[PDB]
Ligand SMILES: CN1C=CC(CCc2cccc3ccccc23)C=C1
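The form deposited without the ligand is given below as one chain in structure tokens.
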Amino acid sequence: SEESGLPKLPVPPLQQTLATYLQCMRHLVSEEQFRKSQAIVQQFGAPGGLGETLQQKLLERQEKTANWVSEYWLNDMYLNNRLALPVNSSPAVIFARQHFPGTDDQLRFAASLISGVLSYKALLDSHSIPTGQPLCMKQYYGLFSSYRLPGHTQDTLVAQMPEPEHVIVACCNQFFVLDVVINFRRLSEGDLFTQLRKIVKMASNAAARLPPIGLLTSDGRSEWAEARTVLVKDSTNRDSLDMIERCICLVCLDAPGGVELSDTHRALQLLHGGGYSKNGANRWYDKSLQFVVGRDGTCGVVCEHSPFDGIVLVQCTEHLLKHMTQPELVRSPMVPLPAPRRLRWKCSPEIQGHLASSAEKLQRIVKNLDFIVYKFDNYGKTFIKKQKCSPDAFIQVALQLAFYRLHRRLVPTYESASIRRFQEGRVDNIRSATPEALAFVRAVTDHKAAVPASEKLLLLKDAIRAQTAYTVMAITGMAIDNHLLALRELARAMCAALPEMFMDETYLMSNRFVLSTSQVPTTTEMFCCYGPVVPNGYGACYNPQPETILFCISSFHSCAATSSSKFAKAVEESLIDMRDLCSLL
């Protein structure tokens, strides 16, 4: 029947994870600290010890659940994070710059994009999405039926059938309900255009302008939860929130950008709207997909990460965009046409105080982000593959060298590995800061050692081999992050006081990803980007093409050590160095 024929996420052998763990951290902590961690781990995983006890409960959990880490992961990775979603968590995809001579051009694009969204959702709901190895498809079903509720300490991801179906249109910080489906009736691209025009007009009505409530969703999670609590007191607000929570997605008709339309600037608008003064309030972050269609041509989609990952987000986005290049299939006029409904809000002195706070908070995020879009154009996948190297592993090694040559040390690095092979599979982590990576970067940067180029090349290839090996380990569910997480939380269930194993500074440091990365390859002229995950870290999202590689680098201005410009430069030098290395003889 209806039971998944997929395999369950595998539980690695306790000793395998512990050995890999120590191997992963040895070169990332002091000798003294390592010696202490060795003893701690030794005691934790000893015969008849706590480790084996937790391992048995995990095995029991594996049997009783579809995926033993789903709950732990969802909370640890997103729902527990208190940071505001903009920049800190919600990635953004930037489409190619568009040209909208008039407002109707902008609206036509929006109408077409909405049409593309509905066609995709139709395939989705009809289970007509193109299913090598079979993969879990749950994420697809969370694209338009998800909503991330804020909480005092832990957020809640709500999994939603309405009639009719609708989308929320944001214009001038005002939100409107736009019914797009009514009795399997699906609005024509033409009716959408007409409806959007009505929206733009009402949105321009001063006597009807309401407070920019969307600004509240850009604040810290606990701060937004508190403000939402004030909101829910009123029956009108409850209704409006409900409509937002049950929409298919948002469509933000953003005002003019103020700066030049470069790749870096357009991305900034998609990341945080440029603050309240710009389009910062013309949003709603709890909702998974917010498609932006700016008047000046800046378009893209802001994604809330909790419900699904990069692969699914891109497949959906590229399907839309491609759909937009296709002949418009003739769709029938609606008679009569109802007028989109503006969502009303019952403001208060409190809410007014929350808006002011959110505005300042969001402003700190804006001025604090150091973002750059660097396009490496010397070579791409073509050259790398000719070196018998995986493009991803090659670039991951380049990032390690770039970080080392700039800051003189390696750091716990994050790189997602998809585990969709297994039921409800999300991801896991690939630890790119390998021992081999260290030997390679050291040989390259230690002038005084005078390591022969021939030797550096050997170290280079061994580092890439190690990268690829860890990658394969992670994707087959044999890595260490999810495993340790489950062991940690199962212990917590036994006693709030965690085992020394997880209180060890080595463990705490191993999960502070100073270098958070991800490869988001696209076939379209679009790119993905996101912020750092720790105050003193970077955000590195790359898109490798046949002859070039796009790099989106983020870091915080607050940290004097990091510099997106310098890191982008170090990446260039690292890729050049590696090219020359592969070109000796």
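If you superpose the two forms and keep the largest set of C-alpha atoms that fall within 1.5 Å, you have the rigid core. Numbers follow the displayed sequence, beginning with 1. Shifts are known only where both forms have a C-alpha.
Peer 1: Check this for me: in at least a third of the other entries compared, is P162 absent while its neighbours are modelled?
Peer 2: Per the records, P162 goes unmodelled in at least a third of the other entries.
Peer 1: Can you say how many deposited residues have no coordinates in the span between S235 and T236, choosing none, 1 to 3, 4 to 9, or 10 or more?
Peer 2: Going from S235 to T236, the model skips no residues of the deposited sequence.
Peer 1: Do any residues of the deposited sequence lie unmodelled between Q160 and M161, and which range holds their number: none, 1 to 3, 4 to 9, or 10 or more?
Peer 2: Per the deposited record, the segment joining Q160 and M161 lacks coordinates for 4 to 9 residues.
Peer 1: Mean C-alpha B-factor higher for 237-245, or for 381-389?
Peer 2: The stretch with the larger average C-alpha B-factor is 237-245.
Peer 1: Which wins on mean Cα temperature factor, 119-127 or 367-375?
Peer 2: Between 119-127 and 367-375, it is 119-127.
Peer 1: Taking the values straight from the PDB record, which of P412, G425, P349, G274 has the highest C-alpha temperature factor?
Peer 2: Of the candidates given, the C-alpha B-factor peaks at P349.
Peer 1: Highest Cα B-factor in the deposition, which of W73, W345, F291, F440?
Peer 2: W345 has the highest C-alpha B-factor of those listed.
Peer 1: Would you mind ranking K322 by its C-alpha B-factor against the rest of the chain and naming the third, lowest, middle or highest?
Peer 2: Top third by C-alpha B-factor.
Peer 1: Against its chain's modelled residues, does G539's Cα B factor rank lowest, middle or highest third?
Peer 2: For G539, the deposited C-alpha B-factor lands in the lowest third.
Peer 1: Compared with the other modelled residues in the chain, in which third is the CA B-factor of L58?
Peer 2: Ranked within chain, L58 CA B lands in the middle tercile.
Peer 1: Going by the recorded CA B-factors, say which third of the chain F100 sits in, lowest, middle or highest.
Peer 2: Highest third, going by the recorded CA B-factors of the chain.
Peer 1: Considering only modelled residues of the same chain, in which third does the CA B-factor of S89 rank: lowest, middle or highest?
Peer 2: For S89, whose C-alpha B-factor we compare with every modelled residue in the chain, the answer is the lowest third.
Omitted here: the form solved in complex with the ligand. The next part is about that form.
Peer 1: Open or blocked? Place the ligand on this chain by superposing the surrounding C-alphas onto its site in the deposited complex, and call it blocked when 3 or more ligand atoms come within 2.4 Å of backbone or C-beta atoms.
Peer 2: Output flag = open.
Peer 1: I need the one stretch from 362-370, 253-261, 305-313, 117-125 whose residues put non-hydrogen atoms within 4.5 angstroms of the ligand in the deposited complex.
Peer 2: Single hit among the candidates: 305-313.
Peer 1: Though the ligand is not shown, can you say which of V533, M526, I40, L28 has a heavy atom within 4.5 Å of it in the deposited complex?
Peer 2: Exactly one listed residue reaches within 4.5 Å, namely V533.
Peer 1: Please identify the residue among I549, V520, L54, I553 with any heavy atom within 4.5 Å of the ligand in the deposited complex.
Peer 2: For this set of options, the contacting one is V520.
Peer 1: Tell me, yes or no, whether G300 is in contact with the ligand in the deposited complex, where a contact means a heavy atom of each within 4.5 Å.
Peer 2: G300: no, not in contact with the ligand in the deposited complex.
Peer 1: Give a yes or no for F291: in the deposited complex, does one of its heavy atoms lie within 4.5 Å of a heavy atom belonging to the ligand?
Peer 2: Although the ligand is absent here, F291 would stay clear of it in the deposited complex, with no heavy atoms inside 4.5 Å.
Peer 1: If we define contact as a non-hydrogen atom of the residue within 4.5 angstroms of the partner, is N67 a contact of the ligand in the deposited complex?
Peer 2: The answer is no: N67 has no heavy atom within 4.5 Å of the ligand.
Peer 1: Does the ligand get within 4.5 angstroms of any non-hydrogen atom of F176 in the deposited complex?
Peer 2: Looking in the deposited complex, residue contacts with the ligand do not include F176, since no heavy atom lies within 4.5 Å.
Peer 1: For 411-450: residues with a non-hydrogen atom within 4.5 angstroms of the ligand in the deposited complex?
Peer 2: Heavy-atom contacts to the ligand in the deposited complex: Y414, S416.
Peer 1: Can you give me the runs of at least three consecutive residues whose Cα atoms all move 2 Å or more between the shown form and the other one, with the core used for the fit?
Peer 2: CA shift run, sole hit: 181-184.
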